[PDB]
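Have a look at model.pdb; it's PDB, C-alpha atoms and all ligand atoms:
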ATOM      1  CA  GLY R   1      88.019  78.783  71.805
ATOM      2  CA  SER R   2      91.098  80.382  70.226
ATOM      3  CA  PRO R   3      94.381  78.611  71.075
ATOM      4  CA  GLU R   4      96.285  81.229  68.987
ATOM      5  CA  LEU R   5      95.057  83.968  71.357
ATOM      6  CA  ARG R   6      95.876  81.802  74.404
ATOM      7  CA  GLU R   7      99.439  81.250  73.178
ATOM      8  CA  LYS R   8      99.923  84.946  72.357
ATOM      9  CA  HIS R   9      98.849  85.673  75.957
ATOM     10  CA  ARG R  10     101.306  83.092  77.248
ATOM     11  CA  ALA R  11     104.232  84.372  75.206
ATOM     12  CA  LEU R  12     103.468  87.962  76.247
ATOM     13  CA  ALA R  13     103.297  86.772  79.892
ATOM     14  CA  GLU R  14     106.729  85.129  79.594
ATOM     15  CA  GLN R  15     108.242  88.372  78.282
ATOM     16  CA  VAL R  16     106.626  90.458  81.073
ATOM     17  CA  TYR R  17     108.266  88.029  83.481
ATOM     18  CA  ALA R  18     111.728  88.220  81.878
ATOM     19  CA  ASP R  19     112.079  91.990  81.967
ATOM     20  CA  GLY R  20     110.443  92.037  85.371
ATOM     21  CA  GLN R  21     113.143  89.668  86.604
ATOM     22  CA  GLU R  22     115.761  91.624  84.679
ATOM     23  CA  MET R  23     114.533  94.873  86.191
ATOM     24  CA  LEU R  24     114.500  93.308  89.649
ATOM     25  CA  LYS R  25     118.305  92.901  89.352
ATOM     26  CA  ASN R  26     118.919  96.650  88.887
ATOM     27  CA  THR R  27     118.704  99.686  91.179
ATOM     28  CA  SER R  28     117.855 101.836  88.116
ATOM     29  CA  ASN R  29     116.380 100.656  84.782
ATOM     30  CA  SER R  30     116.338 102.611  81.519
ATOM     31  CA  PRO R  31     112.919 104.130  80.642
ATOM     32  CA  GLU R  32     113.182 102.016  77.472
ATOM     33  CA  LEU R  33     113.189  98.767  79.486
ATOM     34  CA  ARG R  34     110.598 100.034  81.963
ATOM     35  CA  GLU R  35     108.418 100.970  78.984
ATOM     36  CA  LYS R  36     108.858  97.578  77.247
ATOM     37  CA  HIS R  37     107.692  95.770  80.363
ATOM     38  CA  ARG R  38     104.701  97.960  80.713
ATOM     39  CA  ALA R  39     103.691  97.803  77.012
ATOM     40  CA  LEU R  40     103.939  94.036  77.297
ATOM     41  CA  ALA R  41     101.879  94.126  80.501
ATOM     42  CA  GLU R  42      99.186  96.073  78.617
ATOM     43  CA  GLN R  43      99.098  93.463  75.836
ATOM     44  CA  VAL R  44      98.897  90.396  78.141
ATOM     45  CA  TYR R  45      96.026  92.145  79.976
ATOM     46  CA  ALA R  46      94.318  92.959  76.665
ATOM     47  CA  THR R  47      94.703  89.370  75.371
ATOM     48  CA  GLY R  48      93.357  88.006  78.626
ATOM     49  CA  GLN R  49      90.177  90.057  78.307
ATOM     50  CA  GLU R  50      89.905  89.053  74.654
ATOM     51  CA  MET R  51      89.737  85.400  75.804
ATOM     52  CA  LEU R  52      86.774  86.004  78.127
ATOM     53  CA  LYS R  53      84.823  87.205  75.022
ATOM     54  CA  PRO R  59      88.992  75.240  83.225
ATOM     55  CA  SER R  60      86.625  76.433  86.006
ATOM     56  CA  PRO R  61      84.927  79.863  86.292
ATOM     57  CA  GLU R  62      86.235  80.339  89.872
ATOM     58  CA  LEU R  63      89.863  79.921  88.781
ATOM     59  CA  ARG R  64      89.482  82.343  85.836
ATOM     60  CA  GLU R  65      87.822  84.779  88.259
ATOM     61  CA  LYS R  66      90.762  84.583  90.712
ATOM     62  CA  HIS R  67      93.331  85.053  87.941
ATOM     63  CA  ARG R  68      91.417  88.005  86.495
ATOM     64  CA  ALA R  69      91.066  89.681  89.860
ATOM     65  CA  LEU R  70      94.836  89.170  90.547
ATOM     66  CA  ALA R  71      95.726  90.515  87.095
ATOM     67  CA  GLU R  72      93.789  93.708  87.748
ATOM     68  CA  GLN R  73      95.482  94.066  91.143
ATOM     69  CA  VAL R  74      98.957  93.564  89.665
ATOM     70  CA  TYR R  75      98.213  95.994  86.817
ATOM     71  CA  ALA R  76      96.878  98.617  89.268
ATOM     72  CA  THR R  77     100.050  98.103  91.414
ATOM     73  CA  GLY R  78     102.274  98.661  88.367
ATOM     74  CA  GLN R  79     100.408 101.899  87.428
ATOM     75  CA  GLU R  80     101.390 103.400  90.819
ATOM     76  CA  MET R  81     105.019 102.452  90.105
ATOM     77  CA  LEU R  82     104.837 104.341  86.773
ATOM     78  CA  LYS R  83     104.771 107.602  88.768
ATOM     79  CA  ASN R  84     108.048 106.868  90.590
ATOM     80  CA  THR R  85     111.545 107.520  89.219
ATOM     81  CA  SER R  86     112.578 104.990  91.848
ATOM     82  CA  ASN R  87     110.526 102.128  93.171
ATOM     83  CA  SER R  88     111.889 100.721  96.444
ATOM     84  CA  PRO R  89     112.587  97.092  97.494
ATOM     85  CA  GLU R  90     109.286  97.185  99.406
ATOM     86  CA  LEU R  91     107.236  98.240  96.376
ATOM     87  CA  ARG R  92     109.226  96.047  93.987
ATOM     88  CA  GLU R  93     108.806  92.907  96.095
ATOM     89  CA  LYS R  94     105.112  93.473  96.879
ATOM     90  CA  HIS R  95     104.593  93.717  93.075
ATOM     91  CA  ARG R  96     106.629  90.558  92.476
ATOM     92  CA  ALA R  97     104.581  88.580  95.039
ATOM     93  CA  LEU R  98     101.299  89.573  93.438
ATOM     94  CA  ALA R  99     102.618  88.891  89.948
ATOM     95  CA  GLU R 100     103.650  85.437  91.128
ATOM     96  CA  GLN R 101     100.073  84.587  91.997
ATOM     97  CA  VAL R 102      98.897  85.633  88.531
ATOM     98  CA  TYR R 103     101.470  83.359  86.887
ATOM     99  CA  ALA R 104     100.656  80.439  89.187
ATOM    100  CA  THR R 105      96.898  80.635  88.528
ATOM    101  CA  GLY R 106      97.431  80.944  84.781
ATOM    102  CA  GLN R 107      99.708  77.871  84.895
ATOM    103  CA  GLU R 108      97.037  76.139  87.054
ATOM    104  CA  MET R 109      94.674  76.621  84.099
ATOM    105  CA  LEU R 110      97.251  75.010  81.749
TER     106      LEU R 110
HETATM  107  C1  LIG R 201      97.847  90.818  83.147
HETATM  108  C2  LIG R 201      98.666  89.872  83.576
HETATM  109  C3  LIG R 201      98.416  88.440  83.291
HETATM  110  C4  LIG R 201      99.376  87.499  83.241
HETATM  111  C5  LIG R 201     100.852  87.703  83.592
HETATM  112  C6  LIG R 201      98.747  86.325  82.856
HETATM  113  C7  LIG R 201      99.446  85.127  82.703
HETATM  114  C8  LIG R 201      98.854  83.992  82.252
HETATM  115  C9  LIG R 201      99.530  82.776  82.040
HETATM  116  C10 LIG R 201     101.001  82.535  82.309
HETATM  117  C11 LIG R 201      98.635  81.890  81.575
HETATM  118  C12 LIG R 201      98.933  80.453  81.229
HETATM  119  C13 LIG R 201      99.235  80.389  79.738
HETATM  120  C14 LIG R 201      99.847  79.054  79.380
HETATM  121  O1  LIG R 201     100.819  78.601  80.051
HETATM  122  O2  LIG R 201      99.393  78.436  78.388
HETATM  123  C15 LIG R 201      97.389  82.548  81.491
HETATM  124  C16 LIG R 201      96.222  81.944  81.018
HETATM  125  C17 LIG R 201      95.013  82.624  80.981
HETATM  126  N1  LIG R 201      94.790  83.949  81.325
HETATM  127 FE1  LIG R 201      96.071  85.201  81.981
HETATM  128  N2  LIG R 201      97.446  86.561  82.603
HETATM  129  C18 LIG R 201      97.182  87.842  82.813
HETATM  130  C19 LIG R 201      95.999  88.517  82.762
HETATM  131  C20 LIG R 201      94.810  87.987  82.420
HETATM  132  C21 LIG R 201      93.594  88.683  82.403
HETATM  133  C22 LIG R 201      93.375  90.158  82.759
HETATM  134  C23 LIG R 201      92.662  87.762  81.964
HETATM  135  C24 LIG R 201      91.198  87.921  81.757
HETATM  136  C25 LIG R 201      90.555  89.062  81.907
HETATM  137  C26 LIG R 201      93.337  86.534  81.761
HETATM  138  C27 LIG R 201      92.746  85.357  81.345
HETATM  139  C28 LIG R 201      93.481  84.168  81.131
HETATM  140  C29 LIG R 201      92.841  82.951  80.656
HETATM  141  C30 LIG R 201      91.372  82.813  80.333
HETATM  142  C31 LIG R 201      93.778  81.975  80.522
HETATM  143  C32 LIG R 201      93.525  80.515  80.041
HETATM  144  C33 LIG R 201      93.286  80.460  78.526
HETATM  145  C34 LIG R 201      92.948  79.041  78.035
HETATM  146  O3  LIG R 201      92.947  78.083  78.796
HETATM  147  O4  LIG R 201      92.636  78.760  76.856
HETATM  148  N3  LIG R 201      94.634  86.709  82.075
HETATM  149  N4  LIG R 201      97.558  83.866  81.927
HETATM  150  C1  LIG R 202     102.463  89.747  85.827
HETATM  151  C2  LIG R 202     102.065  90.911  85.406
HETATM  152  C3  LIG R 202     102.834  92.144  85.615
HETATM  153  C4  LIG R 202     102.284  93.372  85.278
HETATM  154  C5  LIG R 202     100.884  93.573  84.685
HETATM  155  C6  LIG R 202     103.250  94.334  85.593
HETATM  156  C7  LIG R 202     103.020  95.679  85.379
HETATM  157  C8  LIG R 202     103.954  96.657  85.707
HETATM  158  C9  LIG R 202     103.808  98.025  85.467
HETATM  159  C10 LIG R 202     102.609  98.628  84.783
HETATM  160  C11 LIG R 202     104.916  98.675  85.934
HETATM  161  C12 LIG R 202     105.190 100.171  85.884
HETATM  162  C13 LIG R 202     106.321 100.428  84.898
HETATM  163  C14 LIG R 202     107.296 101.488  85.362
HETATM  164  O1  LIG R 202     107.393 101.814  86.577
HETATM  165  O2  LIG R 202     108.005 102.083  84.538
HETATM  166  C15 LIG R 202     105.762  97.710  86.480
HETATM  167  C16 LIG R 202     106.985  97.987  87.064
HETATM  168  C17 LIG R 202     107.800  96.960  87.542
HETATM  169  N1  LIG R 202     107.587  95.601  87.436
HETATM  170 FE1  LIG R 202     106.060  94.708  86.743
HETATM  171  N2  LIG R 202     104.388  93.714  86.074
HETATM  172  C18 LIG R 202     104.195  92.374  86.116
HETATM  173  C19 LIG R 202     105.083  91.381  86.545
HETATM  174  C20 LIG R 202     106.336  91.620  87.089
HETATM  175  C21 LIG R 202     107.215  90.661  87.611
HETATM  176  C22 LIG R 202     106.980  89.167  87.607
HETATM  177  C23 LIG R 202     108.319  91.348  88.078
HETATM  178  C24 LIG R 202     109.577  90.826  88.644
HETATM  179  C25 LIG R 202     109.946  89.560  88.504
HETATM  180  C26 LIG R 202     108.096  92.708  87.859
HETATM  181  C27 LIG R 202     108.983  93.674  88.189
HETATM  182  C28 LIG R 202     108.679  95.027  88.019
HETATM  183  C29 LIG R 202     109.661  96.045  88.469
HETATM  184  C30 LIG R 202     111.019  95.774  89.133
HETATM  185  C31 LIG R 202     109.124  97.237  88.178
HETATM  186  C32 LIG R 202     109.792  98.574  88.472
HETATM  187  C33 LIG R 202     110.881  98.958  87.432
HETATM  188  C34 LIG R 202     111.669 100.167  87.955
HETATM  189  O3  LIG R 202     111.251 100.827  88.971
HETATM  190  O4  LIG R 202     112.727 100.489  87.327
HETATM  191  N3  LIG R 202     106.889  92.851  87.240
HETATM  192  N4  LIG R 202     105.158  96.460  86.315
HETATM  193 CL    CL R 203     110.000 108.700  93.268
END
What's the structure tokens form of this structure?
Ligand code: HEM
Ligand code: HEM
Ligand SMILES: [Cl-]
Amino acid sequence: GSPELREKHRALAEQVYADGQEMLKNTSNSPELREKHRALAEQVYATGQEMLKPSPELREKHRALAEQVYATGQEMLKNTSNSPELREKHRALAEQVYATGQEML
């Protein structure tokens, strides 16, 4: 429907992934970086919704996984330090979101 919106979503997704990976490599991240990631997360989520307004079952899966990853991140917003356990459970989920989005491409 709108390729411009799809590519905005993609580019935002890429940037979420980069600071995610960047943040993974540090025991403590500045609030600036943590906030960039999460503002970007908010905008990929928003652009994804905008597109719902491939197959329906694949979009459904991706959407459900997005919500789960976003809800997971919100819990991490309350923590000055997120542990390996938390950080890796979030990474695993986020990986499934990326995969399913790429499966639609
Ligand atoms: C929030 C985290 C999300 C991430 C990291 C994410 C990531 C991606 C990625 C990487 C793609 C493939 C883009 C490409 O390579 O061209 C994609 C496509 C897509 N995403 Fe998401 N997504 C997210 C959330 C959502 C949500 C919440 C929705 C819907 C409510 C959504 C709907 C879509 C749709 C419909 C496409 C395919 C668009 C098209 O084919 O024209 N996404 N997503
Ligand atoms: C794909 C969609 C993703 C969404 C919607 C998302 C969302 C969030 C949110 C809302 C937070 C809370 C921010 C904070 O604690 O300050 C967060 C934290 C985090 N995310 Fe993500 N994230 C995604 C992908 C990733 C990926 C792929 C990685 C790693 C490769 C990652 C690594 C992290 C890390 C390490 C934190 C914690 C930062 C810290 O404790 O200093 N995220 N994420
Ligand atoms: Cl804490």
>> Please expand the PyMOL selection byres (((chain R and resi 68-70) around 8) and not hetatm) into the concrete residues it hits in this file, giving the result as a list in words.
In response: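 Checked against the file, the PyMOL selection byres (((chain R and resi 68-70) around 8) and not hetatm) matches residues 64, 65, 66, 67, 71, 72, 73, 74, 98, 99, 101 and 102 of chain R.
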Write the selection just made, keeping C-alpha atoms, as a PDB file, in the coordinates of the input?
ATOM      1  CA  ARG R  64      89.482  82.343  85.836  1.00  0.00           C
ATOM      2  CA  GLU R  65      87.822  84.779  88.259  1.00  0.00           C
ATOM      3  CA  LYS R  66      90.762  84.583  90.712  1.00  0.00           C
ATOM      4  CA  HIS R  67      93.331  85.053  87.941  1.00  0.00           C
ATOM      5  CA  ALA R  71      95.726  90.515  87.095  1.00  0.00           C
ATOM      6  CA  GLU R  72      93.789  93.708  87.748  1.00  0.00           C
ATOM      7  CA  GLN R  73      95.482  94.066  91.143  1.00  0.00           C
ATOM      8  CA  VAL R  74      98.957  93.564  89.665  1.00  0.00           C
ATOM      9  CA  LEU R  98     101.299  89.573  93.438  1.00  0.00           C
ATOM     10  CA  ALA R  99     102.618  88.891  89.948  1.00  0.00           C
ATOM     11  CA  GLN R 101     100.073  84.587  91.997  1.00  0.00           C
ATOM     12  CA  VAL R 102      98.897  85.633  88.531  1.00  0.00           C
TER      13      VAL R 102
END
> When the PyMOL selection byres (((chain R and resi 91) around 12) and not hetatm) is applied to the file above, which residues end up in the set, as a PyMOL selection string?
Replying inline: chain R and resi 24+74+77-82+84+86-90+92-98
>> Running the PyMOL selection byres (((not hetatm)) within 8 of (chain R and resi 201)) on this model by hand, what would come out? Give it as a ChimeraX atom specification.
In response: /R:1-3,5-7,9-14,16-17,41-52,59,64-65,67-72,74-75,99,102-110
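Take atom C26 of ligand LIG 202 (chain R) and CA of residue 60 (chain R): the distance between them is 27.0 Å.
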> Of the candidates R:76, R:61, R:28, R:39, which one gets nearest to ligand CL 203 (chain R) if we count only C-alpha atoms and all ligand atoms?
Replying inline: R:28
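Rounded to one decimal, atom CL of ligand CL 203 (chain R) and CA of residue 83 (chain R) lie 7.0 Å from each other.
Counting all atoms listed in the file, the residue from R:85, R:15, R:32, R:21 that sits nearest to ligand CL 203 (chain R) is R:85.
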> Which residue out of R:20, R:63, R:37, R:25 has the minimum interatomic distance to ligand LIG 202 (chain R) when only C-alpha atoms and all ligand atoms are used?
Replying inline: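 Looking at the shortest contact to ligand LIG 202 (chain R), the residue is R:20.
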> Between CA of residue 18 (chain R) and atom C32 of ligand LIG 202 (chain R), what is the spacing in Å?
Replying inline: 12.4 Å
Coordinates of box centre and edge lengths for ligand LIG 202 (chain R), 4 Å on every side, axis-aligned, as AutoDock Vina command-line options:
--center_x 106.8 --center_y 95.6 --center_z 86.8 --size_x 19.8 --size_y 20.9 --size_z 12.6
